[PDB]
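1. sharing an experimental structure here, sequence included.
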Amino acid sequence: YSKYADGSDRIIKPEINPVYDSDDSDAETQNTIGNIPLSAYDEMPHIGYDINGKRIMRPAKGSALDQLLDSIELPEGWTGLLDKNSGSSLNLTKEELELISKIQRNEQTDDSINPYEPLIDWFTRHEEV
Amino acid sequence: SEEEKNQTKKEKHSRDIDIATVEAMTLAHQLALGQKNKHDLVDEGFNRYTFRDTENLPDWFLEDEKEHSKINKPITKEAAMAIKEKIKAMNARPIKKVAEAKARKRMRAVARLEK
Amino acid sequence: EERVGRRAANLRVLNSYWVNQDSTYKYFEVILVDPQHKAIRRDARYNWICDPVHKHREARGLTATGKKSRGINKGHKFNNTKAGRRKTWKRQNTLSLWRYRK
Amino acid sequence: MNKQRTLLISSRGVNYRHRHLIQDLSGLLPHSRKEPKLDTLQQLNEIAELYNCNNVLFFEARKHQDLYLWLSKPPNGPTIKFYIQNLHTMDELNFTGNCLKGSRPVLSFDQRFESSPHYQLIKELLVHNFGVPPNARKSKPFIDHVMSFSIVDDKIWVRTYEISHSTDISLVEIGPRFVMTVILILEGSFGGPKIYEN
Amino acid sequence: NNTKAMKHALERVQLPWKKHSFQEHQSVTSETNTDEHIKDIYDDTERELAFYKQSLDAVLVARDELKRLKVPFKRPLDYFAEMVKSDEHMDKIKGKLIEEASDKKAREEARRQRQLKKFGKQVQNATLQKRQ
RNA sequence: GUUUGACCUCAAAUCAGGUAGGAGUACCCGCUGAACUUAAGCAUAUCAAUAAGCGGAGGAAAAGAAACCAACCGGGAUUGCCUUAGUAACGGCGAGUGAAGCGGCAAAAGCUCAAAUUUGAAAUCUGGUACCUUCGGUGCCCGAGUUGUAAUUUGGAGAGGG
């Protein structure tokens, strides 16, 4: 479109917009404490601080009955580690648990695809002279 | 009595869902702590072993495939901890077996004064 | 290559290639020449294998993959193993003393 | 209102110390999309186009002692070739002090950066490239360090000082202390005629 | 070295900072400091202090303008978030500092104990005869 | 045709003919692998990619005709000797470890397959068998083999015609 300072033409591309997509090896954090142990905050009424500095309070004061229930019949997506957002145990969604099993028995991860597509002869369609 | 038969469809589902292996546990961590999202695992899901029929095939063939269709993915100690915390049942360490364990170690402490 | 060298001790391991692999086992297809066969002992392109300097080439890593694992090639990168790592170690770790001392 | 992203890339030929510079800058910059390695010039615009990068830090090393940073804006921006002489990394023991990993720095500058439009351009590019956006995803709130930039003997001396509090304020120097000798400025990104020479 | 295209570059690249808040820019320019006033230009002892003075200036100005807005400045000592240098690394530096302090004290007590071995006898007999 | 016949794969036979093991082991090619010691007590390190153990070869073995070195006014397979040189580089930058190109010299040597149709003709080979001028040759027969044996071609190109 336009040119350089000396004799040559340049291609003006539109500006690059820094967007955190569906996958960028990083997600919305909202707890903002890194690879530190959650041994800290076990004596606090909050789990860390976030951007623009305010107190991320611990969400609930559960019963002793429910805590004993979750150490006999463990929750559905129970993972044994502690969440960063809150001191409560990080569970897994039904869809993720389905996805782990479908890796281990190999069972077709990306759906809406055919395992057995007809061989579309993209090259033999046209005969050679 | 319909829910008596409809809830069991979830109760049997969450047995084919729950984590059993260290190899599944690591990937559950890699999800839980933000290292890999859904989109990353859907990429990794396409293996050397994808696009394989399993329902039509005779059992004497699948029982030799499934033994040898395990991709050795890297593990952590962090995952092995939780999977040992998941399998440990109720009667694993009662008062009886604790007292018996001390009854063993007292006998050992006696046997080293027998010399 | 070594296992097929022992089960078929009359033959000589020429080369081997990959055929199929698995979680537990990697498969290969070794290729073997009969040096005692008269169709090999004539024809001057293959009778080099009958020379007794090729008795078990696979046991001494003289095959393609053995020469790879020994690290035998050319250059800066293979200086520690170009004439063989045992040979070069023994050579460079030798106090060489002359009649008229250098 | 300010929304930017940096691409941290390397070349084959980068040694121990220079690898530690890519480590520590990826630490200090919360908007640093850290990338492993590149082998070859024209590709770097396209890498930036994939990750929606507003900036590209290309660390080159021709002879293995040297370092040449190619700071740039990807689509049509003026790229700047440096030669970084002195180096003292993050993991040098004489420096004492913890900055927060990727908190908002405060950019310090000099009088002589406004002397020419030449030094004015590097001043601006150091503001938004070496700086920070107000809402970067890995960025920590409470401000904890600075970025000292100053020119003496035609070269810009870069330091990162953690501010120290007592109960008014001190500041102990840490991090990558290095000079930047402005070698070359291209017209477009890694292409076109050269504007500035030494 | 044409400054024309350089100004054209300043047209495209720049974002209006004066037309917005300080928070979007956050860059206190230490103008009125050329940093050419330094004596011993290749000795880097006065230069360290001069750079320190410049840094401290920009900190104070940024403290004022950021206090003008309703955005906090100080680390509250209530968030224990991830830091640049690791804890084991900080234990290495602190280890080194306590090592050098203990070595300095070792040489101070070295002078002390040597003096005690040299004049210990005279200490005994002087204190005893003074007691008598 | 509910029969007969091609193949494919897998067997057996005191079948015909062969071949492998064990010894020696200085040197040579691999695999496997310590410790005493030395470093200041000492998880690195060092002795040491050593000794012991295990396999495999010959008169030599191995290596070897560049996915080599360089930065020149460019050299040109390997191996060995003098030199590089205690140099470059490694290392609580500690004890210590530690090359290579160049230059000189010893000795020198180059080649061969796979991948492009012999398709106007499997031109190839092993065995059995009868003779002969017998480390073999010739005749006939059973086979191997087109899922490829022969001739041509290997980058220094090369091939088909004139």
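-> Now that the structure is in, tell me what you want to look at. Numbers count the residues shown, from 1 in each chain, chains lettered A, B, ... in the order given.
2. and the helices in chain E?
-> Secondary structure of chain E (DSSP state H): helices at E:3-13, E:46-68, E:87-131.
3. closest one to chain C among those helices?
-> Of all the helices of chain E, helix E:87-131 sits nearest to chain C, with 34.4 Å by Cβ to the nearest Cβ. Quick note: C-beta positions are derived from backbone N, CA and C, even for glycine.
4. would you map the helices across the chain?
-> Chain wasn't specified; assuming chain A. A:64-69, A:94-104.
5. oops, I was thinking of chain D
-> Remark: helices assigned in chain D by DSSP H are D:16-28, D:44-50, D:117-128.
6. residue C:76 is nearest to which of these?
-> helix D:16-28 (20.3 Å; Cβ to Cβ).
7. that closest one near chain E at all?
-> Yes - Helix D:16-28 is in contact with chain E by Cβ under 8 Å from any Cβ of the partner chain, via D:24, D:27, D:28.
8. I'd like the distance from that helix to the chain centre, please.
-> The chain centre lies 10 Å from the centre of helix D:16-28; the measure is Cα atoms, centre = their mean, to the nearest Å.
9. which ones are touching whichever residue of chain D sits closest to RNA strand F?
-> Closest to RNA strand F within chain D is residue D:16: 8.6 Å, counting by Cβ to the nearest atom of the strand. If you count contacts by Cβ atoms under 8 Å, 6 or more residues apart in numbering or on different chains, residue D:16 has none.
10. could you do residue A:67 as well?
-> Contacts of residue A:67 by Cβ under 8 Å, 6+ apart: none found.
11. just say helix, strand or coil for residue B:110.
-> Secondary structure, DSSP: H, G, I helix; E, B strand; the rest coil: residue B:110 is helix.
12. my guess is residue E:85 contacts residue D:93. True?
-> No - the criterion here is Cβ atoms under 8 Å, and residue E:85 misses it with residue D:93 at 10.6 Å.
13. more neighbours: which of those two?
-> Ranked by neighbour count (other Cβ atoms under 10 Å in any protein chain shown), residue E:85 and residue D:93 place residue E:85 first, with 22 against 11.
14. give the contact list for that one.
-> Shown in contact with residue E:85 (Cβ under 8 Å, 6+ apart): D:90, D:91, D:98, D:174.
15. okay, these in JSON lines with distance to residue A:32 and neighbour count next?
-> Output for these, formatted as JSON lines (distance: Cβ to Cβ, whole Å; neighbours: other Cβ atoms under 10 Å in any protein chain shown):
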{"residue": "D:90", "distance to residue A:32": "22", "neighbour count": "20"}
{"residue": "D:91", "distance to residue A:32": "25", "neighbour count": "15"}
{"residue": "D:98", "distance to residue A:32": "16", "neighbour count": "19"}
{"residue": "D:174", "distance to residue A:32": "22", "neighbour count": "23"}
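16. between these, which is nearest chain A?
-> Closest to chain A, out of all of the contacts of residue E:85 and judged by Cβ to the nearest Cβ, is residue D:98, at 12.4 Å.
17. quick one: that closest one from residue D:88, how far?
-> Distance from residue D:98 to residue D:88, counting by Cβ to Cβ, to the nearest Å: 17 Å.
18. what do you get for residue E:59?
-> Counting by Cβ to Cβ, the separation of residue E:59 from residue D:88 is 21 Å.
19. so between these two, which is more surrounded?
-> Between residue E:59 and residue D:88, counted using other Cβ under 10 Å, the more crowded position is residue E:59 (23 against 16).
20. wait, that one touches residue D:106, no?
-> Yes - between residue E:59 and residue D:106 there is a contact under Cβ under 8 Å: 6.7 Å.
21. overlap of the contact sets of the two?
-> The contact lists of residue E:59 and residue D:106 share D:146, E:28, where a contact means Cβ under 8 Å, 6+ apart.
22. how many residues are close by the residue in chain E that chain A sits nearest to?
-> Going by Cβ to the nearest Cβ, chain A is nearest to residue E:82 of chain E, at 2.6 Å. When neighbours are counted by other Cβ under 10 Å, residue E:82 registers 18.
23. now do the contacts for it.
-> Residue E:82 makes contacts with A:33, A:34, A:35, A:36, D:100, D:101, D:140, as judged by Cβ under 8 Å, 6+ apart.
24. can you put the residues you listed in TSV and add distance to residue D:2 and neighbour count?
-> Conversion of the contacts of residue E:82 to TSV gives the following (distance: Cβ to Cβ, whole Å; neighbours: other Cβ under 10 Å):
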residue	distance to residue D:2	neighbour count
A:33	25	22
A:34	24	17
A:35	28	9
A:36	29	15
D:100	20	25
D:101	21	21
D:140	17	26
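25. strands - which of these land there?
-> Residues of the contacts of residue E:82 located in strands (DSSP state E): none.
26. out of these, who's nearest chain E?
-> For the contacts of residue E:82, the residue nearest chain E by Cβ to the nearest Cβ is residue A:34; the value is 2.6 Å.
27. follow-up on the earlier one: okay, the helices of chain A, which one's buried deepest?
-> helix A:94-104 (a mean of 17; mean count of other Cβ atoms under 10 Å in any protein chain shown).
28. tell me if that helix is near chain B.
-> Yes - interface with chain B: helix A:94-104 contributes A:94, A:95, A:96, A:97, A:98, A:99, A:100, A:101, A:102, A:103, A:104 (Cβ under 8 Å from any Cβ).
29. of these, closest to RNA strand F?
-> residue A:104 (32.9 Å).
30. check the secondary structure at the closest residue to that closest one other than its chain neighbours for me.
-> Excluding its sequence neighbours, the residue lying closest to residue A:104 (Cβ to Cβ, 6 or more residues apart in numbering or on different chains) is residue B:24, at 5.9 Å. Taking three-state DSSP as the rule, one finds residue B:24 in the helix state.
31. confirm for me that residue B:24 is in contact with residue A:99.
-> No - taking contacts as Cβ under 8 Å, residue B:24 lies outside contact range of residue A:99: 10.6 Å.
32. where is the longest strand in chain D?
-> Ranked by residue count and defined by DSSP E, the top strand of chain D is strand D:169-188.
33. CSV please, covering the residues of helix D:16-28 next to chain E and showing distance to residue C:24 and neighbour count.
-> Listed next are the residues of helix D:16-28 next to chain E as CSV, based on distance: Cβ to Cβ, whole Å; neighbours: other Cβ under 10 Å:
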residue, distance to residue C:24, neighbour count
D:24, 44, 19
D:27, 43, 19
D:28, 47, 23
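34. export these to JSON lines and tack on distance to RNA strand F?
-> Below are these laid out as JSON lines (distance: Cβ to the nearest atom of the strand, whole Å):
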{"residue": "D:24", "distance to RNA strand F": "20"}
{"residue": "D:27", "distance to RNA strand F": "24"}
{"residue": "D:28", "distance to RNA strand F": "27"}
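35. considering only those, which also neighbour chain C?
-> With Cβ under 8 Å from any Cβ as the criterion, these include none near chain C.
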